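*Asks:* Experimental structure and sequence below.
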Amino acid sequence: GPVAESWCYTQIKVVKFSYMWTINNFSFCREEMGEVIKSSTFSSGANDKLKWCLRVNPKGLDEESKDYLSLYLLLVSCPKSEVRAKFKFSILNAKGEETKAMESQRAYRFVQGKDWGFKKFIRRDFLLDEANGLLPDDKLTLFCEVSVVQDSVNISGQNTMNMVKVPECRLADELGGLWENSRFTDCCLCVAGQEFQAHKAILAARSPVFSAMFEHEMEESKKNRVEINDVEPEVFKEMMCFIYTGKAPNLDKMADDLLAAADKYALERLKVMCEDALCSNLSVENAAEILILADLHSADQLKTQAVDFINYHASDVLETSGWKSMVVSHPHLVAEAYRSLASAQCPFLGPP
Amino acid sequence: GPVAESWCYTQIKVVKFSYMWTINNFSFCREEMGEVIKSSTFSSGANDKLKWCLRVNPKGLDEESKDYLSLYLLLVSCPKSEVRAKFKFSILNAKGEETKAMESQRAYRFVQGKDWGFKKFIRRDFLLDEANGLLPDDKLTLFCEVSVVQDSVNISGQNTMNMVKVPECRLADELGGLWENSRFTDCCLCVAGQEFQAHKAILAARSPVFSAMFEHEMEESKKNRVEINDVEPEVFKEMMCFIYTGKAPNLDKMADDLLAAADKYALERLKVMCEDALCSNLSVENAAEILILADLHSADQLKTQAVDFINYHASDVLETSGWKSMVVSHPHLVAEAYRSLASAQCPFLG
Amino acid sequence: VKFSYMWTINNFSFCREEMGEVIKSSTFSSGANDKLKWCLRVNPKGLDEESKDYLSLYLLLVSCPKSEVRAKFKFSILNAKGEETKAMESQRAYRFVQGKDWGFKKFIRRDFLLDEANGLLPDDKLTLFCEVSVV
Amino acid sequence: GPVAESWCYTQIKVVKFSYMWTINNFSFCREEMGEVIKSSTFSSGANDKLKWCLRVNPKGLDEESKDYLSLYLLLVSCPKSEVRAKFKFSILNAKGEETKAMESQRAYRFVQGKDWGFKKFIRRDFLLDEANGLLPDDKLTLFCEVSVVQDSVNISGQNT
């Protein structure tokens, strides 16, 4: 383990798109040799100006490929003249696993309107055989993965310089002890009959709700006792810990009540923290309750991921009693669920 | 089962419809009228927009097909100009016949104003022969389910997740805004007459020197009326900026006095930060001045760096007036210089 | 429904690439119905190994409202004067689908194009003239 | 030439750098096979981000090029990932005109720290004889003309 006086780091940026192309009732291939079936243009968010498409010859490109379905990748739109990429084609069987997954050894050069692919991809008989499982419900399930390389960039770091070294920011390190020791604070803070000691400055700096609460004539006379009963002390301690310190250690065990309290007190960052923590806990059985919580507390990101989840897994949630209470308690939730479900994945019977 | 991101699916759903039609007196109809057969047309499909007609010719329309009986699918008008429909007519098993009956293996594209079908279905005498059991009550029922497979394009879906954003902590910028606003201030710090207002708890948490004076029972008077005279106002503002923000933006231009204030108020991080500023500023003219300042303020890292710099550049440093003044003013400083030049090096032959 | 296309390539002797790549044009149509989008595809060298000393060209249909479109295309090269020379068409009405290319791989000899007395490469610029009729 | 309804003028941008290099007292090259003597870094005004240089080995690179002067073009710095270019080298004579000018037909890809050149550029004794005059006053004048090709762009001009 040597120590280097200066170190370097050159990273060539790799971005990956993936594509899923199914062909229904594929034995009705509809045409003879020379038929090219295109697919829709696809891209990811970055940089979203790289449009790719797949072109399949079910019969074959040429007379050597008669018993060979051929699959090609064609780059339709690219802002630059050259993009180099490496592709991998695969076919899903009835279970769904990869089969005949073959890749490209080379990062081919791509231009506007250039296609690179495998003319010798798969035997026509090996696909057409039902016992191989490669045409489940006559659905040809292609699956493509493309990795584009960009220019690499040089970090060009250098250590063993600037001999005197400053410490890391001590602000949070010391102020985390401030709430814990509860020193030089003035005002009481009652939650469920349990009192804590806090001062107005940090609470007003980190929450507009308390900023509006303390300044409205109560600080002159009733500064000590404030009325809070919507929340419990075991979540309120974490509330004060996040307010004073800026960190949330015990977030997963209380991501519901902390979300409710942050929604109550306009804690934007804490609301996003509870959103991420609870959204990592998404599952089939607890979809109705998290949907209800997100709609109640106006969590935009959480409700977006929740409606995407319920549209993807609506086949197994409706039988649970959460949906059965949800329909009677929140009809608007059912309306929003139907509106989200009837437009994205099965809008107008395609796919059925 | 891998996951991917579009679900293209090319839904190529087919349009099929049910149909009922009965033919009466099929045995002697050729002797009745002949070959030119006209039957009723029907409309089906999307709200009966599509037009179709099914009829059976009992004998060949021309001379060549007199051997094989005609089941021709007449198509006066088609739905779309391109219909690559592999038509598969069927019978709902009036008797047992699902093989040896001519069923289409390859069809033709149907265009507007053109009819397409097949002219050979079964041998005429073989059909007329009742011994094969192909005469159920002298009537045949048609269930023509036309299968157009042309409509396929396309549907699509983006199908993105992107997880959650998770913005960064901003306690530093928030506390800087708190210092700038000065809301609910607990103590008044007066420096050179000018009064700033600050919070007691944050100052005590950051600097032990401020922490101590707010604990020695000097509270009834020194809360609002603490005097701070040995510092400049701008250096006090920069030090309060370090205390509240945790950051020192303007530190590089005022290293020495800010180091002095940091030494006075025991801010170790600010002390080392001003030390770092001073260390990468050394020149032969004022290096002894830096050493004097570092020794005065007990800055050990900067002290060692300046001592080593002077040891490396001693041939030019000794000519400066600052060295000649430290020789008089700070003798043990030059003693440390000699110690770190001799004890920390050598032997060097002689 | 007869389109027309005057598609121009400059500094062609700097063909920039070896055998087996394609310089596409941009999508073009007429005013009506302006939905059938077409594009030429020219390989400066041979598309195939046996063509090689050859200049292949195709017409490709990118966007189509209908399924299959019947059309007859005629390619030409406009010389230094500007007349239609090396003009050869397709007699058959070929069938065009989403992403089909039809044309002539053996369109013109590369040496016959690079001959400077022929005048088929004026100012290192080539002007292909395409006329496609859709029925 | 009839008027087309729609047309497209496709513009493959090219830039050209010209370079003149003068080596005085070249016969005092002072070293054997394997010595490289570089030139100053050079570019044009726009975009001035592609920085070129020449490199010459007086005796040669390889055992095949003992009696061959070897000359290379080296791209010292370039912000883009790759740059495609065609170069042409020439040696000026005593009267100053081009002589033994030889070029490269294929545009080579250039990247950080890559060179491309002619190892068998000119016969060494062909240079060193006085009769051809390609070494006037023991001065060697090289003219390097390089062409960098860029992105093509489509304008899509539509007419009535």
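*Replies:* Thanks, I have it. Numbering: from 1, shown residues only, chains lettered A, B, ... in the order given.
*Asks:* Enumerate every residue touching the most centrally placed residue in chain A.
*Replies:* For chain A, residue A:305 is the residue whose C-alpha lies nearest the centre (C-alpha atoms, centre = their mean; 8.1 Å). Contacts here follow C-beta atoms under 8 Å, 6 or more residues apart in numbering or on different chains; on that basis residue A:305 touches A:279, A:282, B:161, B:164. Yep, even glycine has a C-beta here, placed from its N, CA and C like the rest.
*Asks:* Could I get the phi/psi values of the residue lying closest to residue A:225 once chain neighbours are set aside?
*Replies:* Excluding its sequence neighbours, the residue lying closest to residue A:225 (C-beta to C-beta, 6 or more residues apart in numbering or on different chains) is residue A:188, at 5.7 Å. The phi and psi values for residue A:188, taken as degrees, to the nearest 10, are phi -80, psi 160.
*Asks:* for the host helix or strand of residue A:335, which positions count as buried?
*Replies:* Per DSSP states H and E, residue A:335 falls inside helix A:331-341. Using 16 or more other C-beta atoms under 10 Å in any protein chain shown as the test for burial, helix A:331-341 gives A:333, A:336, A:337, A:340, A:341.
*Asks:* isn't the third one right up against residue A:310?
*Replies:* Yes. Under the criterion of C-beta atoms under 8 Å, residue A:337 lies in contact with residue A:310, with a separation of 6.0 Å.
*Asks:* Which neighbours do these two have in common?
*Replies:* Residues touching both residue A:337 and residue A:310 by C-beta under 8 Å, 6+ apart: residue A:291.
*Asks:* Tell me who's in contact with the residue in chain A positioned nearest to chain D.
*Replies:* Taking C-beta to the nearest C-beta, chain D has its nearest neighbour within chain A at residue A:151, 3.5 Å off. For residue A:151, the contacting residues are A:12, A:13, D:80, D:81, by C-beta under 8 Å, 6+ apart.
*Asks:* That one falls within a helix, correct?
*Replies:* No. When classified by DSSP: H, G, I helix; E, B strand; the rest coil, residue A:151 is found to be strand rather than part of a helix.
*Asks:* any idea how far it lies from chain B?
*Replies:* 25 Å (C-beta to the nearest C-beta, to the nearest Å).
*Asks:* re earlier: any chance you could list what contacts the helix holding residue A:335?
*Replies:* Here helix A:331-341 makes contact (C-beta under 8 Å, 6+ apart) with A:291, A:292, A:295, A:307, A:308, A:310, A:311, A:314, A:326, A:327.
*Asks:* Skip the chain neighbours and tell me the closest residue to residue A:13.
*Replies:* Leaving out its chain neighbours, the residue that sits closest to residue A:13 by C-beta to C-beta, 6+ apart is residue A:150, at 4.2 Å.
*Asks:* which ones are touching the residue in the stretch 251-352 of chain A that chain C sits nearest to?
*Replies:* The minimum distance from the stretch 251-352 of chain A to chain C, using C-beta to the nearest C-beta, falls at residue A:350 (17.1 Å). By C-beta under 8 Å, 6+ apart, the contact list for residue A:350 reads B:9, B:11, B:13, B:155.
*Asks:* Could I get the buried residue list for stretch A:158-165?
*Replies:* In terms of neighbour count (16+ other C-beta under 10 Å), stretch A:158-165 has its buried residues at residue A:164.
*Asks:* how far does it stretch from start to finish?
*Replies:* Distance across stretch A:158-165, first residue to last, is 15 Å (C-alpha to C-alpha, to the nearest Å).
*Asks:* Compute the number of surrounding residues for residue A:3.
*Replies:* With neighbours defined by other C-beta atoms under 10 Å in any protein chain shown, the count for residue A:3 comes to 7.
*Asks:* If you could redo that for residue A:226, that was the one I meant.
*Replies:* By other C-beta under 10 Å, 18 other residues sit near residue A:226.
*Asks:* Check chain A for me, the residue farthest from its geometric middle.
*Replies:* Going by C-alpha atoms, centre = their mean, the residue of chain A most distant from its centre is residue A:221, 49.1 Å out.
*Asks:* Are stretch A:115-131 and chain C in contact anywhere?
*Replies:* No. For stretch A:115-131 and chain C, the contact criterion (C-beta under 8 Å from any C-beta of the partner chain) is not met; the two come no nearer than 9.1 Å.
*Asks:* Need the contact partners of that stretch.
*Replies:* Outside stretch A:115-131, the residues that touch it by C-beta under 8 Å, 6+ apart are A:27, A:55, A:59-62, A:64-75, A:87, A:89, A:91, A:100, A:102, A:104, A:108, A:110, A:132, A:134-135, A:140.
*Asks:* next one: it to chain centre, how far?
*Replies:* Relative to its chain's centre, stretch A:115-131 lies at 34 Å (C-alpha atoms, centre = their mean, to the nearest Å).
*Asks:* and that stretch, which residues are buried?
*Replies:* A:115, A:117, A:118, A:121, A:122, A:127.
*Asks:* State the distance spanning the first to the last residue of it.
*Replies:* Per C-alpha to C-alpha, stretch A:115-131 runs 32 Å from first to last residue.
*Asks:* One more: stretch A:90-109?
*Replies:* Start-to-end span of stretch A:90-109 (C-alpha to C-alpha) is 21 Å.
*Asks:* Next, see if that stretch gets close to chain C.
*Replies:* No. Stretch A:90-109 is not in contact with chain C by C-beta under 8 Å from any C-beta; minimum separation 8.6 Å.
*Asks:* buried sites along that stretch?
*Replies:* Residues A:90, A:91, A:92, A:93, A:99, A:100, A:104, A:108, A:109 are the ones in stretch A:90-109 that count as buried (16+ other C-beta under 10 Å).
*Asks:* cool, stretch A:20-39 as well?
*Replies:* Neighbour-count burial for stretch A:20-39 flags A:20-26, A:28-31, A:34-39 (criterion: 16+ other C-beta under 10 Å).
*Asks:* Centre of the chain to that stretch, how far?
*Replies:* Chain-centre distance of stretch A:20-39: 32 Å, with C-alpha atoms, centre = their mean.
*Asks:* quick one: terminal-to-terminal distance for that stretch?
*Replies:* Using C-alpha to C-alpha, one end of stretch A:20-39 lies 10 Å from the other.
*Asks:* picking that back up, what about the residue of the stretch 251-352 of chain A closest to chain C, which SS state?
*Replies:* Three-state call for residue A:350 (three-state DSSP): coil.
*Asks:* Name the residues of the stretch 1-150 of chain A found near chain B, please.
*Replies:* Counting by C-beta under 8 Å from any C-beta, the stretch 1-150 of chain A comes close to chain B at A:17-25, A:28, A:30-31, A:37, A:39-40, A:42, A:44-45, A:90, A:92, A:95-98, A:143-145.
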